Every structure is written in C-alpha cells, then in structure tokens.
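As written, the chains take the letters A, B, C, D and E, and residue 1 is the first residue of each chain.
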Amino acid sequence: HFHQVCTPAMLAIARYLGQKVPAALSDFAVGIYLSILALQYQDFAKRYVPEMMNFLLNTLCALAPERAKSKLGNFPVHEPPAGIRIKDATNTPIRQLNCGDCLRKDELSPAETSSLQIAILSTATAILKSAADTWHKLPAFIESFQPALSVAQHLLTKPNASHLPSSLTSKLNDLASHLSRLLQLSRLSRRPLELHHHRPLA
Amino acid sequence: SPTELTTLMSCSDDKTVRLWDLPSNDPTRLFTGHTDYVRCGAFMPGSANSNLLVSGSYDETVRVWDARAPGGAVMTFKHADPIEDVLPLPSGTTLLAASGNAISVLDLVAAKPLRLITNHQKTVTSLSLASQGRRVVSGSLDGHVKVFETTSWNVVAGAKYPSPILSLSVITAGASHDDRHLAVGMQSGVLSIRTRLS
Amino acid sequence: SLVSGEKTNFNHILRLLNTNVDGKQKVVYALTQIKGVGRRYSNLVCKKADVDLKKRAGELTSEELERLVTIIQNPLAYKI
Amino acid sequence: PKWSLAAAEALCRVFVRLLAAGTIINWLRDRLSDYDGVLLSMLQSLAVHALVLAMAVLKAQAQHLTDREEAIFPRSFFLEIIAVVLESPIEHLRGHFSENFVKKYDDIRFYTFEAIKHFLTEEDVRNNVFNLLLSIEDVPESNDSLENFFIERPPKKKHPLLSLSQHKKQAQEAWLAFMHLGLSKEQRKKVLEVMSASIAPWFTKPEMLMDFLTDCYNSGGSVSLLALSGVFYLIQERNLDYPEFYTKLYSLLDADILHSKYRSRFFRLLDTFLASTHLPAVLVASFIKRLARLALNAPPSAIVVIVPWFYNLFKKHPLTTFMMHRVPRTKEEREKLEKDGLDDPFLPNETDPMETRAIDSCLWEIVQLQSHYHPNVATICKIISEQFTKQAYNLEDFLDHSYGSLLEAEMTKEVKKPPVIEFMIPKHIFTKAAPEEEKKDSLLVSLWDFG
Amino acid sequence: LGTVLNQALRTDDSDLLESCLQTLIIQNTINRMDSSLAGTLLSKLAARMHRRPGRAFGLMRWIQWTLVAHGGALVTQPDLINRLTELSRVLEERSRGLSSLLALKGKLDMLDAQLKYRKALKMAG
C-alpha cells in the first residue's frame, strides 16, 4: 500500500509522465521507458496509471500520419512542433529500442528518424496490449479504453495506412480485435453500483 | 386550498406533489410524474375547476392534475428552461409559467400554449397578480419588476431594485381589493415595501 | 439560476474553546453548552459584543465568532 | 558626480527655504525653470535620491508659487517627471517611485493617473506603464479612508481630490487609455489573472470590462478559464449577465482543464457556482459525471481536489446519490441486467447539462480510481465508498496541491522507519530469455534490446 | 459596451442605458450592438432628446452613428418605420425657429463685438 522509497519513484515517473509535452524524440523514448517501468510497478497489484494512459495515447496520436481531427479521447492532445511525425517511409521495418535514444540529435537523418518512430509506435502497441491484459478488471475499463480503440481505428484509416508498414497494421489490428473482445467482456460484466449496503448498528 | 379550509398541497424536493388534509396524519393523495425537483405549484381557482392542481418542476415541465384520478397528469407542457414560478389566472382558463428568461401564457381549456413573453435578461423568479386581476407583476434576478396587461401582454410599466429580487407580491387592502403596497424580497436580505394610499 | 448560498450552510457543528460540539441552537443557548458557563451568565456575554439574541449560532461571521472566545477567557478585562 | 549630488541637496534646501520664506523677481522665477532640467538630467544617472529632491521641489512649488492659499502644483512638470521615469530603463528608479510615494500617498496617485493618461495618449515603455499600473493593488473603501495627503488636504469638502469617485474615475480613464492603445499577450494574461481583486474594483463603471471579458471568455482556451473570475465579479457587483452561463461552464470544463495551473482558482470559483440553491439535480449530477470521466485522466493533485467537492455536492443534493447506490427495483430488470450487461446511459460530448443523462449513470470512474497508485489518492477516493459521517469537507485543506508538495510529502517524514525488501531476486534482470529458470522475463527486457 | 447596450435595450433598463450613454467607444458600441435593438435605441434616444434639450450633441452623435452602421438593418425591418417617423418629428422640432434665431444671433453679435472692442480699448488704456 505505502512505502517510503518505492512509491516516491512511482511519483517521479508520474511527474515526468503526466506533464512534459514532448519537444523531441528523446522525450518520447524516455516516456516509453517510464511507461513500461510503471507497468512493472503495477503488475500483480492491479492499480491504474492515468498519466501512463494519456501519455501513451498522446504518443500514438502525436506520431501523426495525418492529424488528430476530432473526438480522440478525453486526454490532452498536444502539438508535434518540429515535424515530429511519421512520413511516407513504409520500407523501414520494426526494431527494438536502445537506450541511446535518450540523447538529443538535431542533426539526425530522416532515414534515422523513421525507424525510431516506427519502433516507438510498435512498442507502444505492445504497452497497450500489456496494459489491457493487466487491466481487464477495474470497471472504468470501457471509459478508459474506448480512446485506445478509437485511436487505433483512426490509425487504421486510408489517409493513415500509407505511411505505416504492414507490420504496424498487423500490430494495430491485433490491438483492435483484442480491445473489441475485452470491451465486449467488460460491457457484459458491468453491473450497476451498490456501494452503501450498510449494517445497521445494534 | 382557496375554497376548502383543511385541504393543502405540497411540492417537495424529490419528485412528489401531494394533497394533505389537516385532521389526518396521512397524505390524502399522491402525484408523481416529475423527473427533477418540483418547486412551484398552485391550486386552480374557479367554480368548475374545483379539484385541479398545477405544479411546474425543474425538469422544464408544467403538469396539471385532476385530483379525482390519481394517475398521471391531465395536461403537460414542456418548456425549455427550469420552471421557476407558476400562477393561474383568476378566470381559471389561462396560466402563466415563468421559466428562465421568459414567461409563457398557456390555455387549459383546449390544451395549447398561447404566447411566450420574453422581457427579462436574467431568470424570472416570482409572478404576482395585480390590481383587480388585471395586471401581472413579474420579478426577476435582473433586479427588475415589470407589470404586464392581461389582455394583450405588453410591458406596461416597471421598476429596478438594487439587488436581484427573489420574491414579489402586491397585496390588497380589503373590500374590493385595492392594492395597498408592493413588497419585494431581494437576495441582499431586504424586504422593500412601497406603499400607496388612496 | 444563480442565487448566493453563502449563508445556507449553517446547521453544522461549530468548534470552540473547550467543547468540540456546539451546533446551532441560538446565541445564548449555545453558550450554556460550554462547561462552567451558566444560564444567567450567557446573557451578560452577549450584551457586550453587540451580538443579537435573535440570531443563532452559525449565523455569525469569522470575526464575530472569536469575539466571544476572547471575552470568555478574561471576564475582568471587559468590566464586570 | 557625488559632489554634484551634494550641490543638488544643498540647492534644494536653499530653494525650499527661499520659497517657505517668500524686474527683481523675474530671475527669482527663472531659478526653478533652470533647475528643472538639472533634476531631469539627474534622474538619469544615483537617481534614487534625485527623486526625493524632485518630490520635495514639487512640495515647495505647491506651497508657495502663488498668491492664493490653494496649492496648485504643476501637472506639466510632474508629467515630464513621469515621462522620464516611465522611459528610463532602470528598475530601481520606478521601484523607489512606486514604493515610497504612489503606494504611500494619494495626490501622487491621482495626478500620476492623469499624467499616465496624457502620456499614453501621446513597447518597452508600454511594459513599464503596465508594471506601474499593476502596482497599486489596494483600493480605498470610502471618502474618509483617503485621509493622508502630500500637499494641501483640501478644505473644499467637495474637491475631486476628496471624492473617491474621481480617483476611481481617473484610474479607470488611465486603464482605458492603456487598453485602447492595446496590450500584448502576457500583459493580457496578467490582467485577466489579477482583474477581480485589483483592476475591476478601480472602475466607477466596469461595463466596458464586461464587453472585454465576454469577448475573451467566448474566445476559448485557457483565457476563458482566466476570464471566468471577472465575469463572476461583473455578474456579482452590477448584474450584467452572461446568456447561457451553465452550458458555458459545461462546455468549459473539458479534456485538458485539470492539467492547467489556474485550476485552483477555477475550482474555488466552481465551489461558489455550484453552491447555488437554484440548481436542478440533472445539472448538478452532470457536473459530477463529467468531472469523474475527466478525473479518469487527471493528476493525483487533481483527484484530491475533485472527490471532497463531490462529497459536499452529494451531501447537499441527495437525488444525485443514486449515482452510488442504484438498486434494480424490478426483478425483470434484474434478469435483463444479468442476461446482457448494462451500457452507461451517460451521454458525453452533449451540449446541455440538463439533457445529459448523468442521472441513471453511476460513478464507476471513481470506484475505479480507488485503485490509484498513490496511497493518499487511493484513500481519498474511499470517502465515496465508506460512510457519510463528516458533515462537510472544506476545500482549502485540499487545494493548491501539486507535484512539489506530493514529492516533499515523502521528504518531510522520518529518514527511514526500517523498510522491507524483495526476497528471491532473479539474476536475469536484463537477460533476454533465461530459458532454464521457467520464470518469465521482464516486459522491459521483452520490449527493450540491451546490446 | 456592446453587450451592456444590448442588455439595456433588450430589458428596457434606464441605469445601464444612461451609464453607457454618458460616455471610439461609441463606434465600437454601435458596431457590436445587435441589429434588432437599433429601432429601440432610436426611440430611446428620441425620447431623451425631447425630454431634455441640453443633451443634443451626444445624442445626435449616437443617432448619426446608428444610422450609419445599421442602415439596411432598418430597411429589412420595414414595418417599423414609425420609429424613424418619431425621430423625424423630434429633429423637425429641434430645427424649428432657425431664421428668427439667426436674426437674434446677429442682433446679439453686434453687442458682443462692441463689448469686445471696448474691452480691447480698456486693456490698452
């Protein structure tokens, strides 16, 4: 429940994760790192991290094939300032993240940015998969993961699938089918609240 | 009740209006049908309208019930605003529902609204009848009282108070009911009585 | 649709010098609830502080409440 | 030039002595017009003491440059002093002027305001005048609250220096001249912050502020969040109205308001906007359900503000407490509800709060926020779960919490009561597979390549 | 002052209307005023100009800028031309008496010219 050292680290992850509009791709990478670290904090103590949720959906819309038009969750959607978004490079395959992406490089090549951005999108799809599987309880599942399904369906559109490879389409369609199954599960399992069933005093 | 001495009515905060009689320890009749707070209501004056009740709620509905059949409302009028005040006219035919920035005169003989009258900026709080049943004085949160005719419903006169007013009545002297003085109760906590003596 | 409810929260338990329970009763019947304070004593306290007997407890401002808590400490400083 | 400063403090003493004492007189009246430029050049040097000289020479010129008993002191020379003070790039010059005279005296306040109006009628200088206009925070309450004048407290009994409406009139006129010139972005976002405590109580009539406030409030963004306090002050004092106030509040509280910095001022205003007695249950339930579905993505320094406010609203309006304890009354509804699950009948992104169906919904969002990672947020989300014993929760104990406070909360305790650690630590913290141990890998390692 | 003027002309106030009339500002006010309250403003300006003759300059300025700004806004109304008719009546009464008043102005200008001449002599003497 409460620790003197453990949960202040969770609060440090929290302060970096809820705030900090990202200014480069290094901030994206460090945010993905603290998101998976906070998942590992909240494994088999099935708690909820709202800032992990809104940050992951922020990255998933801020990699921005076309634009976040309207009605993409209740999370704060922010601006990719310096062209921090995916371009039409569908031939750079997925890769696993290294730690050097916690360094800023203004002189980076676009063929070096594209693999990194596709990597960030693929690993964020994996984090949404793990977060859904560990949070299929917790009865605001539907109200927390309807933006996940909606942004995934937004990335499965025709002005958005040209810039993505078929592997990212496969990962995001696995996300779509998995979240649709989990959402039908939570809709059939949702019961109305009866909190105040009190034993009268004698 | 304006005719019987022991019958009274109650609009409560939950959903209910209900008729009590003074000797009994039980409400004689119960009327449900509102979906929000019901906060203004009156009996219907008239020789033919012996037992009819009107109340408006905060669900933007004015309902008028027959007290003989305690089912639903006999007639229902849906407005656009949380209905603050209700008064019937002394002929018993028409009815003024004060909802938001407008009052509304409705018929009860043929179940049709006559006219929406908007002349206040903030929400109208309290209606009152005046001089001889001929002029309706309405008071709003704008700090305004305004007196309308009852035949054509034009703004005949008005006045302005230093606070948003909450209750308003012109009250009568005695025989033939000449109006003695108009009292306004305001949000500031003041009752301003303005007296006319003839 | 906006009338000030700045006074409508008054029927709650107030805290004072010794007793932690002092709800709304009146202004002089609320003073009897404090231990050592009497029924004839409580009327002398109210005539000095310009508080009216008509009001209740809880109908007083944050300035007017503490004026009765100073004068309950020293009954000699205000003449008696 | 310290000896020139010494000559200045000597010549000022000589001037005030000859004035307080008093073809031959024209040079005696040439003296001060020749000394004016001397002090004007000395106000651009230390000019901190030269300002004391420049505000003693005005006292002498008021006291004895006339035959009348009335002290008439030169607004034109004071205007030139204002024009060099508000132009000089020194900060401590204007600081000494603001602290020692303007916040202290009243003649300087009134004539400073009218000199500023003239000087602004005729961008760095704009920032300087704005930083001076923000300086006079305090507003006098009554005519007998003025009661300390620098020169000639008037015996007129109806003088514009003795009527508070004329002090407020020239303050309003200076502010209108500045806002007619037009203000920059950070200037506007300072004005709308400090308006309802320091700007609007300077006006005789704030009705032009009504149009400014309703423009910048109907605009959108965070500037409406700033302008809400001004709009509330102008509905309060002189009851100009906003047309659809509660639907504007319902459109105002939205996706990214809870992450802003001004949410403490906003919630301190919402605590008065939703303490009104003429609120329907549908509206006060809609403002709970949207602030719960918005609390799903809120900071832990925001949920601690939201949930005691929910508790006060649930104590005040008991018809909304069916969003916590709703019983299916009919067993047919029980059979339907166990056959197919219940869809939430709340309608998000609906325009009007009286037609959002927040009634018949529940606070699944709060009962899910009970499993928050923070212990204090997890135990304050239990006040809805446990029992309604305390009659009200004050919000000033729960407001102004931030991450700095939440992270110094783990600092201001003991160093360590002796904590626990985790036994059976695996040796493959970073190894990618570890197939001979049967313990599944860290997902950190399954999704990060360390090599 | 547009929304304040809208409120005053829409709920027939006097305090708000007078406190916004006693005061650039006028041009912005009439340009941000609603179109439907322009005839109400014309009638409520004609009334004050009849009831009080000393306020003619500011009230003619207000009427002038209203007729500039909302000209066709009064033509799309057109069954309410009677407000312009009462306005024409008030301005006809204001412009009554002009030839005799010019004659009397000349008869007084001669006296003022002689008094100023004798003051110009008496200052130099």
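Just so we're on the same page, a residue touches a chain if its C-beta (ideal position, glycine included) is under 8 Å from a C-beta of that chain, and two chains touch if they have at least 3 such contacts.
Composition by chain, UniProt nomenclature: D = CCAAT-binding factor domain-containing protein.
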For chain B and chain C, what is the smallest step count along a path of chains that touch one another? 1
I need the common contact partners of chain A and chain E, sorted by label. D
Find the chain most remote from chain E, comparing centres computed as mean CA coordinates. A
Averaging C-alpha coordinates per chain, one finds the centres of chain C and chain E separated by a number of Å equal to 60
Whole-Å distance, C-alpha centre of chain B to that of chain E, is 43
How many Å are there between the centre of chain C and the centre of chain D, using C-alpha atoms for each centre? 35
Of all the residues in chain C, which ones touch at least 2 other chains? 1-4
Residues touching two or more other chains, restricted to chain B: which are they? 82, 121, 123, 141-142, 164
In graph terms, nodes being chains and edges touches, is this line, ring, star, complete or other? other
Strictly by the criterion at the top, what is the full list of touching chain pairs? A-D, B-C, B-D, B-E, C-D, D-E
Quick check on the complex: what are the chain E residues that touch chain B? 7, 10-15
Per the touch rule above, chain D residues touching chain E in the complex are 180, 205, 207-208, 210-211, 214, 240-241
Sort out for me which residues of chain B touch chain E in the complex. 119-121, 142, 144, 146, 155, 158, 160
For a test of understanding, state which residues of chain B touch chain C in their complex under the given definition. 82, 100, 123, 141, 164, 166, 187
Enumerate the contact residues on chain C facing chain B in the complex. 1-4
